[PDB]
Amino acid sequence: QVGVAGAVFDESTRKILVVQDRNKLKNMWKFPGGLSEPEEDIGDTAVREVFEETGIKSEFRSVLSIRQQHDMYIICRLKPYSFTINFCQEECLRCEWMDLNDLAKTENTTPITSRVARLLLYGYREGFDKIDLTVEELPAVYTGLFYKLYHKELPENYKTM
């Protein structure tokens, strides 16, 4: 099943919600995330994983990045609507609203997390339209399968011609 992470950014305070895992890379700040359940939309996985790890209630806004290895892991931009952290003590050592600029500069994070922080900063300064991507389900033609398609948000007048 696909993994999904939530990058919960408060555009009013310039804060980004991050965690340190209790038992894995406990000194590296990361975004909360985990595995989708069967039938779960990507955005719902993000919002659920965030809430379970951090106590923060949020809304899906966009996809920010797709991570591919040898399979897929989707990192999403979320907008918080609660702000009191109640983190999962079995899973996390720390959970903070960190200054986004601090995450973008720290060495105590992963290269992917840092890249996604820098991308958030670019959207914070120059507009989220610069960075946001959508995910949509589209049908196959040759078979009865379905795909998920990730791309820059396409204005409604073009999606439909």
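The first residue of the sequence shown is number 1, and the count goes up from there.
(Q) Mean Cα B factor from the PDB record: higher for 45-53, or higher for 115-123? (A) Between 45-53 and 115-123, it is 45-53.
Q: Averaging the C-alpha B factors as listed in the entry, name the stretch that ends up higher: 100-108 or 34-42.
A: Between 100-108 and 34-42, it is 34-42.
Q) Out of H70, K130, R61, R67, which shows the largest CA B-factor listed in the entry? A) The C-alpha B-factor peaks, among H70, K130, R61, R67, at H70.
Q: Within this chain's modelled residues, let me know which third the CA B factor of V135 belongs to: lowest, middle or highest.
A: Bottom third by C-alpha B-factor.
Q: Would you please rank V8 by its C-alpha temperature factor against the other modelled residues of its chain and give the third it falls in: lowest, middle or highest?
A: Its C-alpha B-factor, which the entry lists for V8, ranks in the lowest third among residues of this chain.
Q. Among the modelled residues of its chain, does the C-alpha B-factor of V141 lie in the lowest, middle or highest third?
A. Middle third, going by the recorded CA B-factors of the chain.
Q: Would you mind ranking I16 by its C-alpha B-factor against the rest of the chain and naming the third, lowest, middle or highest?
A: It falls in the bottom third of the chain.
Q) Mind checking which third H151 falls in for C-alpha B-factor across the chain? A) Tercile = lowest for this residue's CA B-factor.
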